[PDB]
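Structural description and commentary
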Amino acid sequence: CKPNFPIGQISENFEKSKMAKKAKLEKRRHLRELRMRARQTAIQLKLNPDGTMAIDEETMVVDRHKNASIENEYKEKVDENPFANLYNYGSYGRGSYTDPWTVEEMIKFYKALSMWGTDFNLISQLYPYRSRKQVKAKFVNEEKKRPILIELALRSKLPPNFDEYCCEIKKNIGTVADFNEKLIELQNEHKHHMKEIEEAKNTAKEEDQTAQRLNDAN
Amino acid sequence: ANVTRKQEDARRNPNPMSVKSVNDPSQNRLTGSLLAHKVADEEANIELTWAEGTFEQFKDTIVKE
């Protein structure tokens, strides 16, 4: 009589335990498909015959809840099973599940590690929905996994096998603009608006002292 | 007679600006019986033409069973 799972006596109130387990397996599988798809109110008046051009006293104030209650009515209703809320040490702590890496990604990983030394800033956006933290750990775990395949990369101090010319420009064809001077030209616009509001600042200041000096005379 | 008497009293010595507000759940608003006086003061009159008929309605009941 092995110690794992005999069905063997009364076992009162196990059904609420049963479909909770079948729902938690269903919940995690819908978290998989978010990943697979991502890889890819003024005031109102009226015109009475008695008093024309009269404004409504109820539109003067706002309720601040009728707008909220519309969407809250159109939310999904579910019945809470107090078994479903279970929590462990793995709760309310940052960190998630990393989507494991493929060999199609490695040719964009080795070559991006072949061109530069080790630069985690620009390779992050190359893997568009991966973040800066776990890709740094992908450099670390490969030191124990493939120590010799990495050791060919820093010996390579030359332009590599000339196939990165597409991936040189595939990075560049996103938002084609001369970024070495695109940032300069609109920054000069920004200080122009700040200078104009600074002109608006002092010209508001000088007329104000001019006006109340006349009130000081009278 | 007195609504003119108060109006002249203002113009002898007249001695001297609306943005929205928010419904609060710790405040009351006027309702009930005085709200019926707030809607009984300004509404559409109808000028009745007072007549004297009384035979048109009379036979209207006779023909109906």
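Residues numbered from 1 in each chain as written, not as in the entry; some residues may be left out. Chains lettered and ligands numbered in written order. Part of a larger assembly, values for the part shown. Heavy atoms only, no water. Residues with missing side-chain atoms left out of burial classes, pairs and counts.

In the PDB header, cryo-EM is given as the technique by which the entry was determined, and 4.30 Å as its resolution.

With respect to the overall build of chain B
Along its length, chain B carries three helices and one strand. Its helices and strands taken in sequence order, chain B reads α-β-α-α from the N to the C terminus. The C-alpha atoms of chain B give a radius of gyration of 25 Å, which is well past the 11 Å a tight globule of 65 residues would have. Here chain B holds 65 residues, and 0% of them are scored as buried. In the form shown here, chain B has an accessible surface area of approximately 7,100 Å², with 56% of it arising from carbon and sulfur atoms. Across chain B, the mean location of the 9 positive side-chain charges is 10 Å away from that of the 11 negative side-chain charges. (Helix = DSSP H or I, 4+ residues; strand = E, 2+ residues; numbered from the N terminus. Rg over C-alpha atoms; globule rule 2.2 N^0.38 Å. Buried < 20%, exposed > 50% of the residue type's maximum accessible area, 1.4 Å probe, protein only. Areas by Shrake-Rupley, 256 points an atom, 1.4 Å probe, with all protein chains shown as cover. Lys, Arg positive; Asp, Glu negative; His and termini not counted. Charge placed at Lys NZ, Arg CZ, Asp CG, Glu CD.)

Some details on the UniProt feature "domain: SANT" in chain A
In this numbering, the UniProt entry assigns the feature "domain: SANT" to residues 96-147 of chain A. End C-alpha atoms of residues 96-147 of chain A are separated by 27 Å, and the span's content is 63% helix alongside 0% strand. (UniProt positions renumbered as here; feature names shortened; annotations may be inferred.)

Here's the deal with empty space enclosed by the protein
Residue and element names in this part refer to chain A. In this structure, the largest cavity occupies an estimated 170 Å³ of space. In terms of lining residues, the largest cavity is bounded by 14 residues, among which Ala 112, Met 115, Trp 116, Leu 126 and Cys 167 are the most central. Of all elements in the fold, only helix 3 (103-115), helix 4 (122-126) and helix 7 (164-170) reach the threshold of two or more residues within the lining of the largest cavity. Of all the elements, helix 3 adds the most residues to the lining of the largest cavity, at five residues. For the lining of the largest cavity, the class distribution of residues is eight nonpolar, one polar and five charged. (1 Å grid on protein atoms, 1.4 Å probe; cavity = no way out; pocket = protein on both sides within 12 Å on 5 of 7 lines; lining within 4 Å. Points joined across faces, edges and corners; volume = space filled by probe spheres on them. Nonpolar A, V, L, I, M, F, W, Y, C, P; charged D, E, K, R; others polar.)

Overview of the interface of chain A and chain B
Counting residues at the interface gives eleven residues for chain A and ten residues for chain B. Contact between chain A and chain B buries roughly 830 Å² in total, counting both sides, with carbon and sulfur atoms accounting for 51%. It is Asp50(A), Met60(A) and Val62(A) that lose the most area in chain A upon contact with chain B, and together they represent 46% of the buried surface on that side. In this assembly, chain A and chain B are joined by zero salt bridges. Viewed at the interface, chain B and chain A are joined by five residue pairs in polar contact. Per-class residue counts for the side of chain A that touches chain B are four nonpolar, three polar and four charged. (Contact = heavy atoms within 4.5 Å. Buried area = accessible area lost by both parts, 1.4 Å probe. Salt bridge = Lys/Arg side-chain N within 4 Å of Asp/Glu carboxyl O. Polar contact = N/O pair within 3.5 Å; in protein donor to acceptor, adjacent residues only side chain to side chain.)

Side note on the layout of surface pockets
In this approach, a probe sized like a water molecule rolls over the atoms, and the result shows the empty space that is left. Reported here for the largest pocket is a volume of approximately 740 Å³. If you go around the largest pocket, you meet 20 residues; those closest to its centre are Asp56(A), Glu57(A), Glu58(A), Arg29(B) and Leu30(B). For the lining of the largest pocket, the secondary structure elements donating two or more residues are strand 2 (54-55) of chain A together with helix 2 (33-38) of chain B. For the lining of the largest pocket, the residue count by class is seven nonpolar, four polar and nine charged.

Observations regarding the environment of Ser21(B)
Tracing the backbone through its elements, the reader meets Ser21(B) in strand 1 (residues 21-22). Taking the C-alpha atoms as reference points, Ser21(B) and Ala44(B), 23 residues apart in sequence, are found 30 Å from one another. Residues within four places of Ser21(B) in sequence aside, it is in contact with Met60(A), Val61(A) and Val62(A).

Some thoughts on the pattern of salt bridges
Applying the stated criterion to the full structure yields five salt bridges over all chains. The salt bridge partner of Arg130(A) is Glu105(A), with a shortest N-O separation of 4.0 Å. With a gap of 25 residues between them, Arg130(A) in the loop between helix 4 and helix 5 (132-145) and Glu105(A) in helix 3 connect regions that are remote in the sequence. A single burial state applies to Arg130(A) and to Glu105(A), both of which are buried. A salt bridge links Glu8(B) to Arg12(B); its shortest N-O distance comes to 3.9 Å. Highlighted residues: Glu8(B) and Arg12(B), both in helix 1 (residues 2-12), separated by four residues, approximately one helical turn. Taken together, the salt bridges that share partners define one network made up of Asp99(A), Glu105(A) and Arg130(A).

Thoughts on a positive patch on the surface
On the surface, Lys18(A), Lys21(A), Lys22(A) and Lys24(A) cluster together into a patch of positive charge. Along the polypeptide, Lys22(A) turns up in helix 1 (residues 15-39). (Patch = residues over 30% accessible without salt bridge, like charges linked within 9 Å, V, L, I, M, F, W, Y side chains within 5 Å.)

With respect to unusual backbone geometry
All names here are of chain A. Even without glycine at this site, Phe 5 takes up a positive phi of about 60°. Structurally, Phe 5 can be placed in the segment before helix 1. Although it is not a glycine, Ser 11 adopts a positive phi angle of roughly 55°. For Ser 11, the position within the fold is in the segment before helix 1.

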